[PDB]
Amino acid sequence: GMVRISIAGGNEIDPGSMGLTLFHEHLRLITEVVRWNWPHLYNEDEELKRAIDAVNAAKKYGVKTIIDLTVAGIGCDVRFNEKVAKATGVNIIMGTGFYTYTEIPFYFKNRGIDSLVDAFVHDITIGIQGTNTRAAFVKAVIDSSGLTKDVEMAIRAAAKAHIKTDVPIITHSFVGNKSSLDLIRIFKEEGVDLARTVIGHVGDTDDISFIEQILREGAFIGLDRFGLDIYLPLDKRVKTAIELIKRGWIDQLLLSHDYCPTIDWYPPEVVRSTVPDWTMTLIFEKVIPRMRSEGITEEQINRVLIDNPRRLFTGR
């Protein structure tokens, strides 16, 4: 009767039971080819401990549900997420897609777009990685390389999988080249209702004119990297969030941290040194209190953190 959302560990929830949700986080971000070939560079016990400690920190602030935006290309592992879910009791929602900024595998290029659609559709309708945990969203990615041929093919495939299954599309974009607008254009060509999409990493700018260009199209926007000052400082992100509420856009806003308890792209020392304030709790510690002090209401914070993630999954 309702949408059914698989969560890690074998169960399903309805959108109404998501509760307070962090819509864009990670449990472990790692690179399949490196981990497959060089296991010596990794420590699964420490990775799991870090994920568990971060999710438990969020749970203390009343987070009920975390959407793990880790998909193929950045190391999605259902079985690892099952262990975090068992340990913390937080609902972990997973998805499908192919994360790349430039190229896709020969496997798919040599078979054509439908082979990639079909793999996503498999995950959504049957289950991820031989499990009964189905993908509840599809991801599309674009970054500072722009719309390469292969990047365009993967965005189109995500769009086509959404058309077949009706799961929402959660995206990653790069604000510096206006690549967010390419997602919009392709999604419209493919017939996607933009209200079932999130334009990711829009919080990495404070350019209101650019942000409202996206918002006027009807998509959700991801104010989704709070704590990554290297993309945009915290004070600018909070000022932007507050201004967009004051201009009437609350129903389109989604907040998160994009936190990676492990990320293999960089040594852990370098992450600590560069973005020491990045955690999975900074929204609760710093952002919400500042918004409340500037007149944002309790019920407006609930609309953003509860209603908006729920409606991404249900529609109107």
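Residue positions are given as counts along the sequence shown, with the first one as 1.
> Please work out which of 84-92 and 69-77 has the higher mean CA B-factor as recorded in the PDB entry.
The stretch with the larger average C-alpha B-factor is 84-92.
> Per the entry, where is the mean C-alpha temperature factor higher: 246-254 or 46-54?
Per the deposited B-factors, the answer is 46-54.
> According to the deposited entry, which of 100, 132, 197, 209 has the largest Cα B-factor?
Checking the PDB record, the top C-alpha B-factor among 100, 132, 197, 209 is at 132.
> Comparing against every modelled residue in the chain, figure out the third that the C-alpha B-factor of residue 31 lands in (lowest, middle or highest).
Lowest third - that is where residue 31 ends up once the chain's C-alpha B-factors are sorted.
> According to the PDB entry, is the CA B factor of residue 178 in the bottom, middle or top third of its chain, that is, lowest, middle or highest?
Answer is highest: the recorded C-alpha B-factor places it there.
> Taking only the Cα B-factors deposited for this chain, tell me whether residue 275 sits in the lowest, middle or highest third.
Within its chain, residue 275 is a middle-third residue by C-alpha B-factor, going by the deposited values.
> What third of the chain does residue 230 rank in for C-alpha temperature factor, lowest, middle or highest?
Highest third, going by the recorded CA B-factors of the chain.
> Tell me, lowest, middle or highest third: where does the Cα B factor of residue 126 rank within its chain?
Highest third, going by the recorded CA B-factors of the chain.
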